[PDB]
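With the deposited numbering applied, the sequence shown covers 33 to 626, 684 to 1271.
Don't be surprised by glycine CBs; every beta carbon is placed ideally from N, CA and C.
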Amino acid sequence: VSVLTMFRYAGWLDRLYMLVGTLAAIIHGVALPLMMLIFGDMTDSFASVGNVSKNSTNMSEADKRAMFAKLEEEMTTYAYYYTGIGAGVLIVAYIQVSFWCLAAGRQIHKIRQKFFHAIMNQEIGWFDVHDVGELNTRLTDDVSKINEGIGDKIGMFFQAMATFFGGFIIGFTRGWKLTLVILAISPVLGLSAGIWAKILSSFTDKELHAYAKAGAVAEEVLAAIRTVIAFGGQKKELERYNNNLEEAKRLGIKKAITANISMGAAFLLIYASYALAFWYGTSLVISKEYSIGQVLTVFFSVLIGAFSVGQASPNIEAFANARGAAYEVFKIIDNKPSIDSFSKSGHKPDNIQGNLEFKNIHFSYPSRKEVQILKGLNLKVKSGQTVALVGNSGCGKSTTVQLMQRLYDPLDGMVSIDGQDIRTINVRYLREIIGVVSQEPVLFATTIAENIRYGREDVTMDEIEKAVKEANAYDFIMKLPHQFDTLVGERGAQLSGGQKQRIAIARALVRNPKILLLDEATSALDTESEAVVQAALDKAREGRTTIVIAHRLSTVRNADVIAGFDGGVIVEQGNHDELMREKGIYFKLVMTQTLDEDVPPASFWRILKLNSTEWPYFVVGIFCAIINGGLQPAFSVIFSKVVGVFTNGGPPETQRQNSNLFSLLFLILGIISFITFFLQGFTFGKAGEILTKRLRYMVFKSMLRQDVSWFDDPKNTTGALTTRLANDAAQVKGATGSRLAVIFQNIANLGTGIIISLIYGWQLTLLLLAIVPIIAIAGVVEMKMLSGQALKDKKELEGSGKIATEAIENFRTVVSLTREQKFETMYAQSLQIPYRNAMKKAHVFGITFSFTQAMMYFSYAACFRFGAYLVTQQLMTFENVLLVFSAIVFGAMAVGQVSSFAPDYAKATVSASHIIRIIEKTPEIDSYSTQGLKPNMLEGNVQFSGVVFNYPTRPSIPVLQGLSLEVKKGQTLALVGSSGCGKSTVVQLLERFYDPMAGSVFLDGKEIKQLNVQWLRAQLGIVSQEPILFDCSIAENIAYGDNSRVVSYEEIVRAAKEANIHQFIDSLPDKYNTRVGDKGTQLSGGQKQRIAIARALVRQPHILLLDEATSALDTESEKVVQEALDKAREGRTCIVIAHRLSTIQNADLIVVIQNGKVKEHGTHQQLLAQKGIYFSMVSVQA
Ligand SMILES: CC(C)[C@@H]1NC(=O)c2c[se]c(n2)[C@H](C(C)C)NC(=O)c2c[se]c(n2)[C@H](C(C)C)NC(=O)c2c[se]c1n2
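And the structure:
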């Protein structure tokens, strides 16, 4: 039902078609087993020609006729066999594929629209809950999974029956109890293989979980890189837990891996067992009773049936997932909650004009338990009036304003617009009649002309003009290139928040409702802009009854009536003066405020060599692999022999022949395999281990010893990075295992296939090889056309998706809701294109697939016919055809490889290339010399010469152009400028995180450019904006193991002492052993920073780098900070850059630098004596 039905819902001819194609499928599966019967009949007559050709010591002419008659006889049987099965195949396959698509196609598309629009209709709820980025995510993700649900399904049916009727058909109709001996031994052994192999395949997955755990405990926090460099390099830790848990779950998962190799060994062991019981039980049931040397037909066939069962399984799986996640989220789809709002008909209010009425409205947010912010609210506003609301505590003001848009619904009481109940009037009509301007001026990724269009569909640039002109925007818009026809560059991040809001107005203004609300929309914006804005508001208000919420009591003045609020508390209402004269709330407050990487440069064999390096040696590996190749050919021939001697040879010892070859095949494959595998498993496996481990190490280090523009200015987050760790270590592991499997299959197939290709008959040799490369090339072009169509498809659907996103994501549309559908409409457009495009491709796959099959029966019919060719009186055409099985299934061997084992070597290579280039690096500052920390460098006079720099992004114009400063010893070097850059960049330069473009610095003598980077970073005391510390124990944080700097207890104590954080150190559970607790999410920036300080001073710098240290704080925190900073400074050189135009006075040398160049400098009252720059700073400061 719902689950499956609803899943498979919608489709007149869709459904019908569906069934049809399905039928085709069935016939298809059945097609291959009947195919096996043919194997029979032809091979049977072949056998008879083998015993009459094996007699040979008698009539020569009777052999001419008898054997030739048999030739053209089966030659006819051949034509008709492949012809039938074949053409059929081509046809049926084509049909079904059409099923998959067409069906699922139309289906999806439908589900498409319905989901878009549904979402669009869940109202507030999609705000209420949801993660809304998550919502659309599943839009795309889930829909797709459903589609794949319908198509793979078709697949499942196909094979489901291939094995059902196959195993039946042959597995009964041809044996009557022999087909059964099959049934017995065959179905049985199949059970054992599937069984043990799955038990440890699952054991394998348990290995993948314990594995992911070792990995994270091998991940750790690697962000805060900066602070990190101003610290040195963890580098032991990472390695410690890294190789630790790795090595462990390595050998171990590599044990279960060698166990999956003990699995491939099991399966091949068991399979070998297949041969045992197979050939044995036959040998008997083919020597004694039922003598046809054909039984193999049945046995072999049904076996194939068990395999259909398997392939059947993954398809099913797909049906499941698609089904599942699809129907359950489809439930979150089709579902029509709605009702708390809607968008369909209603009560039409054409009376125009009216007054807002809030009569006893109690309300609680959707989050059930939350406290009813609107504990019975009574408020009513006349028309044409400008009524404001005042608040500050948060929640209620908005909440209410909100309700007025019938956004959520009242928990009790009612709201009457004009004189009717809002909940009565139509929603759209309502929402329309309601012009609102929240604060966030959300704009679209289109032309302005458009955003306004959105305001109201039909409309001429005429009106628009007027609107924008009444929304006072007609100007800047004109000065703006391209005019109204100008776009908003990818989202609304191109113009000034102000203008934006303005436009919104215009927009809403075009709406021209009769009710207006301003959710602080002036709020969060500079002054001047603010005033112009409010201006617009007014010109838009007073012609329309309005209500506003704002902390700008000023613009609140001209309030026709103020409402007393503060976090949900309805009190004093009335004109300004009345509340002021009310010495209460209004009055009160009035007086209180006064992940895309992807890189071209690959590496041909470059990875292999690096590969070989990271590889100690394991000829053993390649070796055993090789022999494994030799093994496949072995089996193939072993069979060719078996069937051979049996169908054409001497009557006595047919038993020892069978019993042997059979046992042979057994011991051979089985034993040789289990061993070849297991052993290789352990070897190559280890390779993967050390490689991954060692690899990570080197790499990560490369990062450690890496820096400069990298992390200082990264476009490579801590995630893409860590990921690099995991994913890429695994991938190189890939390059190795592959090279291994490569040589294997090769020599395997090539080497042996060819030696056999020699014992061949020159027929097959050429013909067949022609067939393998051919069919192979088909499989490759197939995969290519399939992924190509999949990629471009994701492209068109991407465009449609993104837009969809913009909408949903930006629900602030339902704000005006005059688009909902309109939106969805546009999508239908986009969607229409990739839809017709879908049908086309549908067909494609069809033909493609069907052609695969074509080459299938094709190549085997022409191959077998040509084989049998000339068998008149006993020519060079006999049992060797099995040797044909050899070369052919060897092609099937190559496919066993490019289809199994290691990754397709593609992404393995990418990730390899990446991880390499990275580990390569180009250090940039590591061991060195460039001095000797001579016992006379303890000065500090930092000297800045030329100072011309700009971090990698030079086309952004150097943020340091021709600069030069200086700071004596043991004093205070004040620093002030415009904002953001300049200050920091300077501190950094000292840290020499980026050697300037031209210039240099003298710590006190030698040249920092040419000074021992390390040491230069030994004596430094940076305390920047956002403080940070790993999740160690604070005693550990403090005792910042800079270098040899052993965790000196009385030393770190000394740190908490001067760092002023000893107040906490004293008590606070444990005392000095208190970890940062949860990574450091249990303290105030004042405490952290203090430790930051504790850091600095515990290092005993000779230079203090204060980068606007305390920018976000308060009270005794900024106080005890300026104190510890006061006692931690003056005893040594210290640059104090900041935005503390307040405690910037007490500075030995205040330097006003103007981004790029220095502008003023000197003692405070002197800089003040030079009125203008520094002056205008103390003045704007006020
Ligand atoms: C994709 C399908 C062909 C699929 N193979 C694999 O999933 C696979 C995974 Se590793 C692997 N095959 C390796 C490699 C060497 C292919 N094969 C062997 O060790 C081996 C030993 Se005897 C034998 N194969 C015969 C022969 C008829 C080959 N194969 C089958 O009865 C058969 C039935 Se379904 C199937 N194969």
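Which same chain residues end up closer than 8 Å to residue i when comparing Cβ atoms and leaving out the 5 residues on each side of it in sequence?
| i | result |
| --- | --- |
| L134 | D46, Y49, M928 and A931 |
| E106 | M74, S77, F78 and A957 |
| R589 | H608 |
| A824 | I696, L697, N700, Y994, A997, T998 and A1001 |
Is it buried or exposed for residue i, if we count other Cβ within 10 angstroms and need 16 for buried?
| i | result |
| --- | --- |
| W311 | buried |
| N383 | exposed |
| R745 | exposed |
| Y126 | buried |
| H514 | exposed |
| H60 | buried |
| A1201 | exposed |
| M872 | exposed |
| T998 | buried |
| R1229 | buried |
| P545 | buried |
| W132 | buried |
| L1100 | buried |
| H241 | exposed |
| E321 | exposed |
| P722 | buried |
What does DSSP give as the partner residue(s) for residue i in the beta ladder?
| i | result |
| --- | --- |
| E389 | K412 and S448 |
| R1164 | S1122 |
| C1223 | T1061 and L1193 |
| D95 | In DSSP, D95 forms no bridge with anything. |
| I547 | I466 and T577 |
| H394 | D444 |
| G596 | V422 |
| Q605 | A595 |
| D453 | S448 |
| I535 | Bridge partners of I535: none, in fact. |
| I1239 | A1063 and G1251 |
| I836 | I836 pairs with nothing; no bridge assigned. |
| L1049 | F1038 |
Please classify residue i: does DSSP put it in a helix, a strand, or coil?
| i | result |
| --- | --- |
| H141 | helix |
| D685 | coil |
| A1145 | helix |
| residue 636 | You won't find residue 636 in this model, because the chain goes from 626 right to 684. |
| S1034 | strand |
| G423 | coil |
| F39 | helix |
| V84 | helix |
| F724 | helix |
| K1246 | strand |
| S375 | coil |
| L240 | helix |
| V565 | helix |
| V129 | helix |
Can you name, in chain order, every residue of its own chain whose Cβ lies under 7 Å from the Cβ of residue i, other than the five neighbours on each side?
| i | result |
| --- | --- |
| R954 | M107 and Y110 |
| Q526 | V520 |
| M493 | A481 and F516 |
Less than 6 Å between C-beta atoms, sequence neighbours within five positions excluded: which residues of the same chain meet that for residue i?
| i | result |
| --- | --- |
| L409 | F390, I393 and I602 |
| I457 | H379 and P381 |
Q.
Below 8 Å, how does it come out for the segment 1197-1212 and the segment 1050-1069: are there three or more Cβ pairs, yes or no?
A. no
Would the segment 112-121 count as touching the segment 872-881 if we require 3 or more Cβ pairs under 8 Å? no
Check your understanding: Does the segment 356-372 come within contact of the segment 185-193, defined as at least 3 CB pairs closer than 8 Å?
Key -> no
task = May I ask you to verify whether the segment 840-855 touches the segment 908-916, counting CB pairs closer than 8 Å and requiring at least 3?
result = no
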